[PDB]
Structure formats: structure tokens, C-alpha cells
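part one of the complex, left exactly where it sits:
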Amino acid sequence: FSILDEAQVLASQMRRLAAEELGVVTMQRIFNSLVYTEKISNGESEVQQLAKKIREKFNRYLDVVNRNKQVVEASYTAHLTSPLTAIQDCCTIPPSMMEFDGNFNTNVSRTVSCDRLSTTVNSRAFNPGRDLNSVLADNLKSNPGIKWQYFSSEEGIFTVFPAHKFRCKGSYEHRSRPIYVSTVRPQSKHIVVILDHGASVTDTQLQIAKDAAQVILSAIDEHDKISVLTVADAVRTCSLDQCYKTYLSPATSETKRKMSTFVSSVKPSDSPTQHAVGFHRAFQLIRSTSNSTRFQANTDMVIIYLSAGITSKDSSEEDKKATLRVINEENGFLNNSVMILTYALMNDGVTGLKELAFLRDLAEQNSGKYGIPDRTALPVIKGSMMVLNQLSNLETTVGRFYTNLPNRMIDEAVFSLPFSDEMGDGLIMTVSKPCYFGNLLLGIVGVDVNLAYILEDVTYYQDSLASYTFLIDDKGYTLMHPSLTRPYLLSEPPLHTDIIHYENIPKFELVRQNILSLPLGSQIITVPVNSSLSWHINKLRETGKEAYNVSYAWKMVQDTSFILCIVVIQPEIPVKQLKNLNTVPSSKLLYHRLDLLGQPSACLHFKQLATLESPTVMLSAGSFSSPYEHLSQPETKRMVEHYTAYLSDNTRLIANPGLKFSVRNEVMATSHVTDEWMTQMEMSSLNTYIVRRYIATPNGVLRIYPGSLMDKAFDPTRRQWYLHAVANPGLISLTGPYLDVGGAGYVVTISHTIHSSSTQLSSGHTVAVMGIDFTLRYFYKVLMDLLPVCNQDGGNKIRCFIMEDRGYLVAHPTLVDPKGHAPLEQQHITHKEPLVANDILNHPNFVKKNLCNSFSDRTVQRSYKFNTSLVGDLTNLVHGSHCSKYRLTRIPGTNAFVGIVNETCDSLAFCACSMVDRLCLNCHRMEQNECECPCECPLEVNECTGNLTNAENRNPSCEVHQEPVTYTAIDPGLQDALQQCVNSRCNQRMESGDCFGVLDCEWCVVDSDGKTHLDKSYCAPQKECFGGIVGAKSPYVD
């Protein structure tokens, strides 16, 4: 019944874990005695320096294609004199292979380009690859980081410098790929494909019809617009969006995937094809699509049509008359701006020989043949017609539809958005230019760069704690932002989203217009704190703030379509930077690369190579001056010794081997945790309950004990325990349950921030956060030891719990289900205690249900937020005043709450929680008091305009739920040669209070049959009963 005095004692345990076991008070005292240098800036100086970095990378990027272009253009002048026709088949070079610097899939190289042949090439084709090897090698050796460099001729040959034996089971038709189309035809193409599947079309030739439609979709860019229509017996458009019934949508990967699946859903129909309605609909779409694109003209409209022998005998001519009439009428509303292309589907019988005449009449728009007079004094853009069979190469036929477009002879560089490499095994970006000799187009040249390398300057920008950067193009699409997933881990092209969605702040659309228009400038705006995202709030440097200033300093990158910007939070208030210090190492520094060393005594800590001899220090990719070079190239023992020498160099003599500013200063500043931790180990009784403790810094320093080996790409600044502590400065932050990276399974983490001084407790003053990890059962073992009331029964009718500020439970009477039998949010207060969850939603000012948009996975997330300023005690207000009284209060000094429930009789209470996914019950509206576990609803985005489908959806953006992380690998040869670091035998524990919390143990309660209670609960290693279910699967193999 009493909870207050019980909560104060529980708070002392939290301080005993944060201050004594972790060392927060010691490190805060040390960081308070350090000296700092203050800086004030609006971002104009930083946006100038950062623009230079990527401009130099794009200048060298443009100098390669410009050099490759002038060589192949001059090489054609030699072709007019000597036969430049060599053959170096890419499938005939098998002496060896390599993986040096990208190209990591069976790639030989060094002054030997390879050629791939299209079926269109003739024996007298122009092949400049013979002499082009002399320059392609110098381009790669002088510019490391670029992946591919190629020349694809208009005739059909594809020559790439790094020769790799790839895709020999077919032909690589590069001329049908979007990179080639966007170069030779840089105009915004508003295409609409009409797919006739009526008149009893045989499924044998509808095969070609639907396969061709996939070639169009997989060949256009985001500046092109597309619509796909059906038989027109009923004008069925794509049903995956509301705007697809009215407009043409930009050919984004979203629209492509939606239209492509809609193509494969087409099956034959016996109704006679109503062609006139299909062409009419296509015009109505093209008409209602704004004036062209309102974008530098260059808007060529084309209507592709795929059909065969419809006729209809009696009304055949009438069917032919109705189409060419409505074409002449609707294309007469336009200024004959629409071009028509037709394609024939043929077997040896159906289409015969006379049905092709109706398709050429459509391409030529031969309306006068049927009487209808061309009312427009303008001419008509005569199209073209091609025939297709089961032997047709759809890429060299229908894929070359862009050739029928006007070639305005644009000689300009074009930059592609991030996409997946078809030759390699990663994401790339491509700059390209066409090759022009007189009025003749020879082809295009293009070089591919790794996405992580070209963006390494904006992905890991850390010049100031009060600043961050984002990179966009002139159309608004975001290429890099703190809210995006890091490119090195991406195996799929992201959903390209406008900057108005990631920088979701009121009054920002004014700054957005100034960014896309003015090539250089800056502007400050005033924003309230209650309607903003965390990237701004976490950098506040004044407490009790109701509104804050933001500075946006932008500058377009020279000679490219990209624009870089610097966001400075509260620029009128200084930002502190750690001054260079000189601390001598009390203990020897140990780099985390224990595999390359092998000198200290090693052991396994879950799925990690670790040691108990001393803690380790890790530098994340981003602390180095070239983060892509650190991720791509192997880290060797030689480099580990160099970094160890420079970081522990107290003579100030060793030159910087490749580290960034403030990196070593934070390594020395945090070097005091070594003696602090190791001293506590000798006297602590919690060595069997603490899985690890650590401290992390904004500039990439990570010291953990037990010193373990981590993956290079690990960034602790983007983990939940880090961001949760920054949001709650000066408070103990409970975070969990979450899945551990090291292999400990589900864990709960106490995290705390370290500030520049104790007189300023704002989030922006965070110079480091520390964290300590415990197993899932630990905080219930604490709850049973600390509070005797929780033992009146075995957590049955009298239940105790600990709830974080999001609603998730870290202490529990029940925590076993984690498997296939319970909802995904089963660890939430709404699922485990639906009654008190319903009741606390009625307590005023205590709870608030939040909505945020996550454009990375097109969902809208619902969550809770109990404000951690709760003074006093909360009991039943509406529900359960008689049958289930409860007491809920905040644990002082932390973001958690302690609760006790006394279930005297049964009561009815539900909180909706899906047991098959995370979909909310009602996705039409959100109610604050409608109890439901955390859930998601699909985000409705208008793909025809790039905005939200409903304007009544201006929620903030979900900052980060970046799940992808490389869990550390363990393998035989090491598993059998070494043993676990801590081997507290779980077989010798006979009660729940003894087994709960032990890091390598679990209290089994369920038999291997799935859900049958055990007559004999016992303690066993975690491997034997995950979640207490004997024989359950590991949580990493979900």
C-alpha cells in the first residue's frame, strides 16, 4: 500500500549503480575541472569550410568524366582513319580475381578493360577500349574511392575498366538502364503505358506485353512521370494511391514498385478492347498534370500502347474511327504535344498480317484516313511501331523507346540519386555525360562512386556540438541527414524524401524556399520547443526554454545540383569545446582490436572476443579524417600500434596519423574510468549481475569493460541508451528492454550524461554519456530484494513493476513469453497491466500519447510519454478502485516509475495490442485515452506531389529507430580454443531470487512443449532456456 518510502530506497540503488559501479560522479567532477574554449558562430564559416571539402571531391569527380569524355571523343577521330574494333570479352578473362578498393566480386584489373556485347552491335562497331586503358588506369590510381568507370556506346558495346567476370548467362543491355536514358534524354518524360489485355488475348503473348511494361518502368528517373493503364474495357489505373486516378506520378522507386506489381496482376479478358476510352484517359491524365512540369520546359509527352489484333469485325472500322477521333480532339486541346508509340504482340496466327496496319495508324495518328479533320494548324509528332515475338529482346526493342524522342543535343553533366549497383554489391552514385562528335551521339561516359565515400563528409560531420549538416539536391530530395540510415550498412536504396519532412519544423518552408533558390545565404528563425524534433532539442544550451533560435546556413555545391546546409541550434549562445590537454596515462591504453593483438588473456563474453585484464577503447568511423577509408580498407596490426602510440603520446611530438579534432582530447579525458572501474571490480558484489559498463563521447570514443571487440560500423551515439540520456540530462535513464549487440540477449541499461560543468544542465552541454548493462531479470531481482511487499505472493495477485517514461517495463512479475505467443509490444505497461494502463491515462498532466512520422519505412508511430516531473503519488482515479487498487510514483532522480498493484478481485480491462504485427486497431484517428500498446499505421504520402496525402497530418518526425546493426560474429576455432570470461555455474542455483539477474543464467519455467508450466523450475545457462522456455530459439535468430 505504501510506495513513497519504498521508492526513495529504490532510488538509492539507482545511484549506487550510476555513481559507484559506473562512475558518473567521478567523471562529472573531472569533466568539471577541465578547461574549455568557447566559440560563437552562425554557421556561415562552417558551411563555407564544409562546402570546400565536398566541392574538391566533386571537382575530382567531374574531372574524371570530363577527361574520359575528351579521350573517347578524340578516339573516334582515329576510328575514322584506323579500325578501332577490338574485342576483350569480359567472360574470357579467368587468370585470377581481386577485391581491392570496392569491386569486391571476382574482379581482376590493372590496365585491362573488358567489353560486353549487345545483340545490336555489328562487326564494324567503334571500340575505343584499346587505347582507353592508358587513361582509365591513371584515373583510378590518382583518384581512389571511385568504383566503376565505363563507356557505353550507342551501337551497344559496354566497356568497363575493372574487368570482372560477371553475368555471362545473358547480355547486359546497358542502353536500357536509367543511367543511360537520363543522359541521352535529359528531358522530363511524361510517359503513360496503355496495356490492352482484352479481345481474348492469348496468355502466350500477354507475356511479352507485361514483360515490356517492366522494361519501361525500370528505365526512367525520378524527374520523369509515369502512368500505367489496363485494357480500357474499364479504365483501371493503379490502385496503390489516390492520385494515380488523376495525375502521372514521378518515377520514384515507390511508384515503380507500385506500378510494376500492378502490371503483373493483369490477366486476359474476353471483352472487346475499348481503345478510345484508354487513349482518352491517357490524355485526361496528361492534361491534368500541371503545365508540363513547370520545370525548364524539356517536357516530352509520350503514350506507349501494347496490343494486337482486336478488330471486332462488324464495328472494327468504328473502333478504329473512335480512337483516332478522340486522339485528334484531345491532342487538339493540347498543341499536338503528345507523341504515340505502338508495339505489336504476335504469335504465328493471332495477329496475322493485317492487324499491324491499325497500330501504325495509331503511331502516325492517321486520323484523316477515317475522315476526322485535323482541326489544329499544328503538325503531329509521328510515332513508330515495332513487332514483338517470343524471341524478341525487350531491352533492345521496347527499351529503346527513348530514341524516338527529340534529341535537343544537351551536353551537360547529370548526377544520379543513390541507387543499387548492378555490377557490384552495394549502393553507388553516378555522374555521367554524353559523348558528342559533331551531330553524332557516340554514347555516354560515367563513373560510379561508393555512396559512403561521396557522403563521408556529411555523414560524420562533428565540428561542433551545437551543429549538424544535411545534403539535398535542387529538387529538395534529402541525400543525407541525421535522421537517415548510414549508407555503409544499406543493402537497398532508401525512400528519397523531401527535406521538408526530415526537418519537420513550423516556419521552415520559408527557409526551404530560400535554400532551393538562393545559392548562398543564412537566416535565423524562432521555434517553440513543444513542436520540434530531437535534433534541435538535444542541442539546447539553456534550461527552462519555451522557444529557441535556429540558424540555417546553406551554400550550393559548385557545378552540381546539390546544396549543403549547416544547422546551428541557438547560435546566440556559445558552444564549449574541450581544450587540448596533456594527461599522462596511469594505465596502458588497449585498443579494442583484440583479434589483431592476442597479447592479453582472452575469453568469450557472449558473442564477443573480450578480456578481463583491462578495458578497451574504440574509435568509430567518423573519428578518422577519412571514415570510408577506415571502413572499406582492412584495419591491420600496424595501424593499431600507430593509433595506440599517438593517443598515448604525452610528448606532443607524434604527428596526427589520421584522426579528427577533439578525438584524442576525449580519449585522455575519459582515460580516468580505467582505474575507477578496475578498483570497483575488486570490492563489488555485483560482478555477476553487470554484463558491461561503458562511456561514449560525441566524437567517437568508446571505452567498455569488459574490454570487448566491436564492429567498425558501431556508433554508440545512435543507440537508444545514448539518445535517451541526452533527452534527460542529469537524470538516471532506464532504457530497455532491448536486444544487446554483444550477445547478452535482452538487456536493460542505466545511462547518465556528463556535462561541461555542473551549473548548466542542458542537453547541448553533454560532453559524454555513460552506460551500464544488466540482464532482463536483474531489476526484478532488485525489486524483490529492496521491497518486501512484492513477496506476499509469487508476483501473482500482488505485483510490482518498474516502468520507464515510454511505458515499457524493466521490472516484472512476468517476463517469459518473448516468443511466438504474445504481441510484439508485450513488454509495455498496456499489455502486462491493462487496467492500470487505462486508469493512468485519465490522470491529468501525467500521460500524453504522441504521433510521429517515419518516412524511412512509410509508417506513423504511436507512443507514450509520462512526464518525469511527477511529484507525489498516483492511485486509482477511475478504474479498479475496489477490485485492483494500485500505487504509482516516480523513482526520485530517474526517468522511471515504480508501481504496486493489489488485485483483490477480477476486473475487465483491455488495451488493443496486435498479436500478428504492429498495426493499430484504428488507423483513422488517434484518441488520447483509448488504451492501446505502441503500434503503427501506414503513412499516406501523395507520390504525385511529394507531400502528405492529408494536410491534417503535420506530426513531427520519428528521429531514429535505426535497427540495422552488425551483431558481432563468433566462429569455431575461437569458440573451442577459448572459454567464457565469467562462468558462474547456473546449475547450482535453486531459487528464483538466486537465479534472477545473473548474466549467464535464466530461470526456466516452461517445458520444451511450448507453453506448459513446469512442475520443477530450475536455473540453467541462458543457452538452454531463452525466456524461461526450455529449448526456445535464440532472440538473434528471431
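Cool, the structure landed. Residues are numbered from 1 along each chain as shown, chains lettered A, B, ... in the order given.

What about the nearest residue to residue A:915 once chain neighbours are set aside, how many residues nearby?
Spatial nearest neighbour of residue A:915, chain neighbours left out: residue A:823 (5.0 Å); criterion: Cβ to Cβ, 6 or more residues apart in numbering. (Each C-beta comes from the backbone N, C-alpha and C, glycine too.) Using other Cβ atoms under 10 Å, residue A:823 is surrounded by 21 other residues.

Spell out the secondary structure type for residue A:823.
coil (DSSP: H, G, I helix; E, B strand; the rest coil).

distance of it from residue A:817?
Residue A:823 sits 9 Å away from residue A:817, going by Cβ to Cβ, to the nearest Å.

same question, residue A:544
Distance from residue A:544 to residue A:817, by Cβ to Cβ: 42 Å.

So these two - more neighbours on which side?
The neighbour count for residue A:544 versus residue A:817, taken as other Cβ under 10 Å, is higher for residue A:817 (18 against 6).

Who are the contact partners of that one?
By Cβ atoms under 8 Å, 6 or more residues apart in numbering, residue A:817 lies in contact with A:826, A:1027.

For residue A:912, grab phi and psi.
phi -60, psi 130 (degrees, to the nearest 10).

what's the answer for residue A:664, then?
phi -70, psi -30.

you'd agree it is up against residue A:646?
Yes. Using Cβ atoms under 8 Å, residue A:664 is in contact with residue A:646, at 7.1 Å.

Strands along the stretch 151-300 of chain A, start to end?
Taking DSSP state E, counting those that start in this stretch as the test, the strands found in the stretch 151-300 of chain A are A:158-160, A:188-195, A:225-229, A:249-250, A:299-307.

now the third one against strand A:299-307, angle please.
Regarding strand A:225-229 and strand A:299-307, their directions subtend 20 degrees when assessed with axes from the mean of the first three to the mean of the last three Cα atoms, to 10 degrees.

And strand A:225-229, what's buried?
A:225, A:226, A:227, A:228, A:229 (16 or more other Cβ atoms under 10 Å).

The nearest residue to residue A:636 once chain neighbours are set aside is in what secondary structure piece?
Leaving aside its sequence neighbours, residue A:636 sits nearest to residue A:596 (Cβ to Cβ, 6+ apart; 6.9 Å). Element membership of residue A:596, judged by DSSP states H and E, is helix A:594-597.

Report all helices and strands that whichever helix or strand comes after that helix contacts.
Next along the chain after helix A:594-597, taking DSSP H and E as the criterion, comes strand A:603-604. Counting contacts by 3 or more Cβ pairs under 8 Å, 6 or more residues apart in numbering; DSSP states H and E, strand A:603-604 is packed against strand A:609-611.

what's the strand it packs on packed up against?
Packed next to strand A:609-611, using 3+ Cβ pairs under 8 Å, 6+ apart, are helix A:594-597, strand A:603-604, strand A:707-708.

Deepest-packed of the ones you listed, please.
strand A:707-708 (a mean of 26; mean count of other Cβ atoms under 10 Å).

Append chain B to the structure above:
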Amino acid sequence: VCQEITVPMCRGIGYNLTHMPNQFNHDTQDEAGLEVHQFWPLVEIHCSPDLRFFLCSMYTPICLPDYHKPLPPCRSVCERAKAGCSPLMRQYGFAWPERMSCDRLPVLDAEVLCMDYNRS
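So that you can see how it sits with the rest, here is chain B on the chains above:
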């Protein structure tokens, strides 16, 4: 003596007269309104047009000033309510109380008066 329906969820169902205690031994309409409102998310999702009536006919049973006998819903409206909402209830954690099993209701049989509005 009958009293008017006060719980807003059960207004506009066909009647506005009830009498406490109900079948669940709720001593007031406020107590009964708190329990029946736990099904309100299922009513707004429209899994069955009979759901709001079936729930209200049990938590706020109809009171006629001249009948003086309990007038429960028929078994047909209970089955039509569960046929459209039960599979959704099993997915989102909702459960029917055992006192609301359709076997406890009269069939459309004998002179047991029940309340189905589609068979009127």
C-alpha cells in the same frame, strides 16, 4: 421504476430506459458505463453493426414500465456480433466474458421473449 440511459455509448440504440443492477451486478450506470466502454474501440472499427446493440443490451438492459421481466437479446444477434468481431478480438487482445456466451441467450423454441431487431 425504469431510468434513462446515461452512458453515451448506449444512446441511440433503439431504447433509452434501463434499470440497475444489470447482469454483471453493476450497482450504477457509471459503474456499468466504465466496463462497457472498454469495447468502444471495437465499435468504432465497425467489425459488426450488431456489436453496440449486443453490448448495450447486456450492460444496460432494456427496462419496459409494463413488462417487469428481463428482456435479453436473442442468440442470433449474439452470433452475428461474434461472427464479425471475434476473429479481430483474438488478434488485438480483446476477450468475451463467459457471461456473454451466446448459449446463455434464448433462441428465435419456447415462450422466452428476446430482442432481435432484424426479425421484428
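
Take the neighbour count of residue A:823 again, chain B included.
24 (other Cβ atoms under 10 Å in any protein chain shown).

Point out the residues in chain B that sit beside chain A.
Residues of chain B lying near chain A by Cβ under 8 Å from any Cβ of the partner chain: B:34-35, B:38-42, B:44-45, B:90-95, B:97.

follow-up on the earlier one: name the helices or strands packed onto the helix holding residue A:596?
Here helix A:594-597 touches strand A:609-611, helix A:637-647, going by 3 or more Cβ pairs under 8 Å, 6 or more residues apart in numbering or on different chains; DSSP states H and E.

who touches the last one?
In other words, helix A:637-647. Applying Cβ atoms under 8 Å, 6 or more residues apart in numbering or on different chains, the set of residues contacting helix A:637-647 from outside is A:589, A:591, A:593, A:596-597, A:617, A:619, A:654-657, A:659, A:664, A:667-668.

Can I get it in CSV, CA atoms only?
Only the C-alpha atoms of helix A:637-647 are listed here, as CSV (Å, rounded to 0.1, in the frame of the first residue of the first chain):
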residue,chain,number,x,y,z
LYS,A,637,48.1,-4.5,-36.5
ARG,A,638,50.5,-1.8,-37.9
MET,A,639,47.7,0.8,-37.8
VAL,A,640,46.6,-0.3,-34.3
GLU,A,641,50.1,0.3,-33.0
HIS,A,642,50.2,3.7,-34.7
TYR,A,643,46.9,4.8,-33.2
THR,A,644,47.9,3.5,-29.7
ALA,A,645,51.2,5.4,-29.9
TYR,A,646,49.6,8.7,-31.0
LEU,A,647,46.7,8.5,-28.5
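
Okay, buried residues for that helix please.
A:639, A:643, A:644, A:646, A:647 (16 or more other Cβ atoms under 10 Å in any protein chain shown).

Isn't residue A:886 up against residue A:902?
Yes. At 7.1 Å, residue A:886 and residue A:902 qualify as touching, with contact defined as Cβ under 8 Å.

what does the helix holding residue A:596 contact?
By Cβ under 8 Å, 6+ apart, helix A:594-597 touches A:590-591, A:600, A:602, A:609-611, A:616, A:635-637, A:640, A:707-709.

and residue A:68, what element?
Counting by DSSP H and E, residue A:68 is part of helix A:44-79.

Report the buried residues of that helix.
A:44, A:46-47, A:50-51, A:54-55, A:57-58, A:61-62, A:64-65, A:68-69, A:71-73, A:75-76, A:79.

from the chain's centre, how far out does stretch A:233-240 sit?
32 Å (Cα atoms, centre = their mean, to the nearest Å).

neighbouring contacts of it?
Under Cβ under 8 Å, 6+ apart, the answer for stretch A:233-240 is A:198, A:227-230, A:244-245, A:258-259, A:261-262, A:269, A:271-274, A:277-278, A:281.

What of stretch A:55-70?
A:132, A:135-136, A:139, A:143, A:146, A:149, A:151, A:413, A:431-433, A:435, A:445-447, A:449, A:454, A:457, A:557-560, A:562.

Mind checking which of those residues are buried?
Looking at these with 16+ other Cβ under 10 Å, the buried ones turn out to be A:132, A:135-136, A:139, A:143, A:146, A:149, A:151, A:413, A:431-433, A:435, A:445-447, A:449, A:454, A:457, A:557, A:560, A:562.
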